Amino acid sequence: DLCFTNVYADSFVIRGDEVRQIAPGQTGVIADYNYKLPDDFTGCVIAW
Amino acid sequence: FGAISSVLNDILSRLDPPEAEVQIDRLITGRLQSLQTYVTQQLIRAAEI
C-alpha cells in the first residue's frame, strides 16, 4: 500500500557467491566494473 | 566523543563516506553540544555584568 511514480526492473545473471556484492555501499569486482548501486538506494534485490 | 579518532581529516582519509557518516555524525553531536554549553554560560555572565 504505497504508490510509486515509475518502476525500474533490472535483470542479469552473475556468479553465485557475488550476490553479496550486489548490495549498495560496498565495493568489489562487480561493484567496481560492471554494476554499481548508489548509497541511498530505495528498492529491493531478488536473487535465486 | 566515542569515535575512532578526533581528527576529521583522518576519518575522511580512511573511510568511505557511506560509513564515515556514522563517525562524523558523532563528532557533530559532541562539538555542537559543547558549543551550546559555552554559549549558555556566556549568556548568564552577560546578564550579571
# chains A, B, ... in the order shown; residues from 1 in each chain; ligands from 1
$ closest_atom_pairs --of "chain A" --to "chain B" --cutoff "12 Å" --atoms "only C-alpha atoms" --output "CSV"
residue,atom,partner,partner_atom,distance
A:24,CA,B:18,CA,9.7
A:25,CA,B:18,CA,6.5
A:26,CA,B:18,CA,9.0
A:27,CA,B:16,CA,10.2
A:38,CA,B:18,CA,9.8
A:39,CA,B:18,CA,6.6
A:40,CA,B:18,CA,9.0
A:41,CA,B:18,CA,11.8
$ write_last_selection --atoms "N, CA, C and O atoms" --output "tab-separated table (two decimals), in the first residue's frame"
chain	number	residue	atom	x	y	z
A	24	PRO	N	24.11	-2.31	-2.05
A	24	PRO	CA	24.72	-0.99	-2.17
A	24	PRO	C	25.71	-0.73	-1.06
A	24	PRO	O	25.63	-1.32	0.02
A	25	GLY	N	26.67	0.15	-1.34
A	25	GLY	CA	27.55	0.66	-0.32
A	25	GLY	C	28.90	-0.02	-0.22
A	25	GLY	O	29.82	0.57	0.36
A	26	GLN	N	29.06	-1.22	-0.75
A	26	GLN	CA	30.37	-1.85	-0.71
A	26	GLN	C	30.93	-1.98	-2.11
A	26	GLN	O	30.26	-1.75	-3.11
A	27	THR	N	32.20	-2.35	-2.17
A	27	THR	CA	32.93	-2.46	-3.42
A	27	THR	C	33.32	-3.91	-3.64
A	27	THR	O	32.95	-4.79	-2.87
A	38	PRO	N	23.78	3.24	-6.08
A	38	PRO	CA	24.08	4.40	-5.23
A	38	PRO	C	23.79	4.09	-3.77
A	38	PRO	O	23.16	3.09	-3.43
A	39	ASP	N	24.25	4.98	-2.91
A	39	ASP	CA	24.22	4.71	-1.47
A	39	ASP	C	22.83	4.85	-0.85
A	39	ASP	O	22.53	4.18	0.14
A	40	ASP	N	21.98	5.71	-1.41
A	40	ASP	CA	20.63	5.91	-0.90
A	40	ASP	C	19.60	5.12	-1.68
A	40	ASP	O	18.52	5.64	-1.97
A	41	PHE	N	19.94	3.89	-2.07
A	41	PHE	CA	19.07	3.08	-2.90
A	41	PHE	C	17.77	2.75	-2.19
A	41	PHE	O	17.75	2.41	-1.00
$ residues_around --residues "residue 19 in chain A" --least-positions-apart "3" --cutoff "12 Å" --atoms "only C-alpha atoms" --output "PyMOL selection string"
chain A and resi 12-16+22-24+26-31+35+45-48
$ atom_distance --atom1 "CA of residue 34 in chain B" --atom2 "CA of residue 6 in chain B"
14.5 Å
$ atom_distance --atom1 "CA of residue 33 in chain B" --atom2 "CA of residue 47 in chain B"
21.7 Å
$ select_by_dssp --residues "chain B" --states "helix (DSSP H, G or I)" --output "PyMOL selection string"
chain B and resi 8-12+17-48
$ atom_distance --atom1 "CA of residue 23 in chain B" --atom2 "CA of residue 3 in chain B"
5.7 Å
$ residues_around --residues "residue 12 in chain B" --least-positions-apart "6" --cutoff "10 Å" --atoms "only C-alpha atoms" --output "list in words"
residues 20, 21, 23 and 24 of chain B
$ write_last_selection --atoms "N, CA, C and O atoms" --output "short mmCIF file (atom, residue, chain, number, x, y, z; two decimals), in the first residue's frame"
data_model
loop_
_atom_site.label_atom_id
_atom_site.label_comp_id
_atom_site.auth_asym_id
_atom_site.auth_seq_id
_atom_site.Cartn_x
_atom_site.Cartn_y
_atom_site.Cartn_z
N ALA B 20 31.47 6.64 6.73
CA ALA B 20 32.07 7.70 7.52
C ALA B 20 31.02 8.66 8.06
O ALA B 20 31.33 9.46 8.95
N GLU B 21 29.80 8.60 7.51
CA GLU B 21 28.68 9.35 8.07
C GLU B 21 28.46 9.01 9.54
O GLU B 21 28.15 9.89 10.35
N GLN B 23 30.73 8.06 11.88
CA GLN B 23 31.70 8.70 12.75
C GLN B 23 31.50 10.21 12.80
O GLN B 23 31.52 10.82 13.89
N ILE B 24 31.29 10.80 11.63
CA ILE B 24 31.22 12.25 11.53
C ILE B 24 30.01 12.77 12.28
O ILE B 24 30.10 13.79 12.95
#
$ decode --residues "chain A" --atoms "C-alpha atoms" --output "short mmCIF file (atom, residue, chain, number, x, y, z; two decimals), in the first residue's frame"
data_model
loop_
_atom_site.label_atom_id
_atom_site.label_comp_id
_atom_site.auth_asym_id
_atom_site.auth_seq_id
_atom_site.Cartn_x
_atom_site.Cartn_y
_atom_site.Cartn_z
CA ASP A 1 0.00 0.00 0.00
CA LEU A 2 2.44 2.61 -1.27
CA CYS A 3 2.26 4.34 -4.64
CA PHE A 4 5.20 4.92 -6.95
CA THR A 5 5.91 7.07 -9.97
CA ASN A 6 7.65 4.51 -12.15
CA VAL A 7 9.27 1.17 -11.51
CA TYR A 8 12.59 0.10 -12.94
CA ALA A 9 13.38 -3.58 -13.38
CA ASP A 10 16.99 -4.57 -13.93
CA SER A 11 17.89 -8.14 -14.79
CA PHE A 12 21.14 -10.04 -15.28
CA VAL A 13 22.99 -13.23 -14.34
CA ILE A 14 26.17 -13.42 -12.27
CA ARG A 15 28.29 -15.96 -10.43
CA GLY A 16 26.59 -17.22 -7.30
CA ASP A 17 28.62 -16.01 -4.33
CA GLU A 18 29.00 -12.45 -5.55
CA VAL A 19 25.40 -11.60 -4.64
CA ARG A 20 26.93 -10.13 -1.53
CA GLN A 21 28.50 -7.57 -3.86
CA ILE A 22 25.22 -6.51 -5.45
CA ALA A 23 24.17 -4.76 -2.21
CA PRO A 24 24.72 -0.99 -2.17
CA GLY A 25 27.55 0.66 -0.32
CA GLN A 26 30.37 -1.85 -0.71
CA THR A 27 32.93 -2.46 -3.42
CA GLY A 28 34.46 -5.48 -5.08
CA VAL A 29 34.68 -6.64 -8.66
CA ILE A 30 31.07 -6.41 -9.81
CA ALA A 31 30.53 -3.25 -7.78
CA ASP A 32 33.57 -1.64 -9.39
CA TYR A 33 33.47 -2.58 -13.08
CA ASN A 34 30.09 -3.91 -14.04
CA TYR A 35 27.18 -2.60 -11.95
CA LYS A 36 27.16 -0.09 -9.10
CA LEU A 37 24.23 0.96 -6.92
CA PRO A 38 24.08 4.40 -5.23
CA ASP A 39 24.22 4.71 -1.47
CA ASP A 40 20.63 5.91 -0.90
CA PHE A 41 19.07 3.08 -2.90
CA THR A 42 15.33 2.64 -2.39
CA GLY A 43 14.13 -0.74 -3.59
CA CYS A 44 14.68 -4.46 -3.49
CA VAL A 45 17.18 -7.03 -4.72
CA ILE A 46 15.91 -10.53 -5.51
CA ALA A 47 18.27 -13.34 -6.42
CA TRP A 48 17.92 -17.06 -6.97
#
